[PDB]
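The block underneath contains the structure these notes are about, expressed in structure tokens.
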Amino acid sequence: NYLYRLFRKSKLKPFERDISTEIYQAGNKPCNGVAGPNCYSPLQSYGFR
Amino acid sequence: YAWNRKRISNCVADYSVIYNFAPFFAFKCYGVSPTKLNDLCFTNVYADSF
């Protein structure tokens, strides 16, 4: 249930919340909004056990 | 069982060639983000192939 933002273009400001579930471009190739190698979802869940 | 290990030292790490080599079923990175790798400098890189 608990997720963290692995990827963002820039660092956040103090006391700012980012909830945008947009894809991030991690590679030179444009993702165009579809998951692909060099393209990753920013939000990943913690494996709490 | 006899997995190959190559030590990597004293060279520039161009990860972009790794990125574009093939379509990858998994590119999971544990403990480091994939984007920061180019801007990070490490003492040793071990490549294990199997």
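Cβ placement follows ideal geometry from the backbone for every residue including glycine, while neighbour counts extend to all protein chains displayed. Every number here is computed from the coordinates shown, using simple stated rules; none is lab data.
Of the residues examined, B:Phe27 is one that is within 12 Å of chain A (Cβ to nearest Cβ), surrounded by 10 or more Cβ atoms within 10 Å (Cβ to Cβ) and either in contact with a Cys (Cβ under 9 Å, 6 or more places away or on another chain) or of a type outside the set (A, V, I, L, M) (or both). For the stretch A:8-49, a residue qualifies if it is within 14 Å of B:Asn20 (Cβ to Cβ) and outside any loop (DSSP other than H, G, I, E, B), and exactly one does: A:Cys39. Tallying residues that are over 19 Å from A:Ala35 (Cα atoms), exposed (fewer than 10 other Cβ atoms within 10 Å of the Cβ), more than 14 Å from chain B (Cβ to nearest Cβ) and not hydrophobic (A, V, I, L, M, F, W, C) within the stretch A:1-22 yields 6. Selection of the stretch A:23-49 for residues being more than 23 Å from B:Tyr30 (Cβ to Cβ) and within 14 Å of another protein chain (Cβ to nearest Cβ) yields A:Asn28, A:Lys29, A:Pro30, A:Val34. Per the listing B:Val17, B:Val32, the residue uniquely among the β-branched types (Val, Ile, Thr), exposed (fewer than 12 other Cβ atoms within 10 Å of the Cβ), within 12 Å of the chain's Cα centre (by Cα) and more than 19 Å from A:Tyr24 (Cα to Cα) is B:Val17.
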